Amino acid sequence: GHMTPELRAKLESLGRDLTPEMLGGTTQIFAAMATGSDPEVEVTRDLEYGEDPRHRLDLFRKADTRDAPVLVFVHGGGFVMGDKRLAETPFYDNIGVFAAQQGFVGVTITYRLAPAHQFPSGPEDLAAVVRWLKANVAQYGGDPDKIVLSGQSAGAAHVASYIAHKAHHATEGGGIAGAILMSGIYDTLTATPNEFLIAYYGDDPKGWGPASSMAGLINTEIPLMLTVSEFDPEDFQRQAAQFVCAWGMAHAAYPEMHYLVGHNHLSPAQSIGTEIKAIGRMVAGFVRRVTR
């Protein structure tokens, strides 16, 4: 809203391999464009949702925010790294600040990292977040029955795992109004094995089956919005296409999977709070649809 041919051309030239040149080059472009703060957005840092040192969340709101939708964002980083805050950048305060500006309560989290903590640490941590919100978010102007979980890459894998595996649900049915899954990995059995997946799901890919989210995503009643990027690496594109295939086969219907022209793996979430409005709008529009 609107990305130029020129920006598209630059992301294309960074390529569709997840390399340091690509990730870093992307972050550098969007870091200079995204709003990371707003004096009207109050930020409470490092609320503790569990005992682990990484069981922390930052909460974003305006003074007038009441009875509001709650948008949680779960960062990526291949399960082994990343943060809610990257210093000297506006990420991911951008998403928190955007949420607050849109009339929501914004929430960004960290979670326990692989390989020290392996599956199902992810959905455990999300369950603890949901629990914390249920008990506390009313105090910050949130409605605890209007929680929307969003995540990117590994963060989207974690959201998906929470959805799929009712053993980790915080309350009956999951306790969330919807979820947004931006370029995630959903089926551990068809995923191309790599060091990152090995770190989180364990050394032997032949044992990864019970951690698959795909069947649970297909069967869920929780409203889902998903995205895939034009210049996403191969496996992210495959996983997205597989999801659409399985959904269509199960339901004789087409799921809300958005194709993001001009974007790459990192750019969608990093574009929120920039002059490029489309991704922010899509996110906000979905939040309001599923919380009405």
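Numbering starts at 1 and runs along the sequence shown.
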Seminar exercise, completed: The stretch whose C-alpha atoms carry the larger average B-factor in the entry, 199-207 or 109-117, is 199-207
Exercise. Looking only at CA atoms, which has the higher mean B factor in the entry: 4-12 or 283-291?
Worked result: 4-12
Exercise. Quick one: which of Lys134, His158, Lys166, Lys146 has the biggest Cα B-factor according to the entry?
Worked result: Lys166
For this session: Specify which of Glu42, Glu230, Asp46, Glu234 carries the largest Cα B factor in the deposited PDB entry.
Result: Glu42
Exercise. Within this chain, which third does the Cα B-factor at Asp125 fall in: lowest, middle or highest?
Worked result: lowest
Problem set entry | Third of chain Cα B-factors occupied by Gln101 | middle
For this session: Going by the recorded CA B-factors, say which third of the chain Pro69 sits in, lowest, middle or highest.
Result: middle
Seminar exercise, completed: Entry-reported C-alpha B-factor of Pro255 relative to its chain, by third, is lowest
For this session: State the tercile, meaning the lowest, middle or highest third, of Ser213 with respect to the CA B-factors recorded for its chain.
Result: middle
